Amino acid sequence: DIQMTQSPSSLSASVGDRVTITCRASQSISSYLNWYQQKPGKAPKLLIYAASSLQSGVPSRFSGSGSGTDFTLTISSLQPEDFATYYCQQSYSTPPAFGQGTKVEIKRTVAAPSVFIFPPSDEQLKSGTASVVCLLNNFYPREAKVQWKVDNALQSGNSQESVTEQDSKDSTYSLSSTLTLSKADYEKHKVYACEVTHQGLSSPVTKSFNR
């Protein structure tokens, strides 16, 4: 069977940059090489078939080239909405084969997060647990440190965080950090605070509430 070797696994590029993604087949596939775009959570979308024919509606900044073994997908002027994982697929022979995929990230300038904090709901307390949620909204780059403080006691281990995929319009990230306590520990204390470190912040930012 015919294997596809796709490269690179990941790339970041600025809006307007030219991006090239390559695939190599283990033997000639003539021109039967297809490119797909998969935005996170969504089904793949066919961009190019037969190495170089654009699907109807696909913007002309996408182009494909190659024949035989070596093929290339070019994005001539990378746009924020082009964040995605891109796949090649040979359809010369059965079984078909997909490349391993290339994740394309957008490079952009620094943006500090806007920070918000949310107390547990009265309904969740009735049930017997408490979730405190710290939100970091629309920042870049992705790296960030979030720490909890309750009565100025530093917490650890009782919290987990989740990060969105890069936004399709401004290329920022958003992050949630959730601190979980039993109804017991939560009532024990008054002041709940979230402290955020990030490259866009000269010094850390703290949000808090009184229970």
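Note that residue numbering begins at 1 and tracks the sequence as displayed.
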property	result
Mean temperature factor over C-alpha atoms, higher-scoring stretch between 151-159 and 167-175	151-159
Per the entry, higher mean C-alpha B factor between 13-21 and 185-193	185-193
From 109, 124, 91, 100, residue of greatest CA B-factor	124
Most elevated Cα B-factor in the entry, residues 180, 65, 69, 38	180
Third assignment of residue 86 from its chain's C-alpha B-factors	lowest
CA B-factor ranking of residue 7, expressed as a third of its chain	lowest
Chain third (lowest, middle, highest) by recorded CA B-factor, residue given as residue 118	highest
Assigned third (lowest, middle, highest) for the C-alpha B factor of residue 130	highest
Assigned third (lowest, middle, highest) for the C-alpha B factor of residue 145	highest
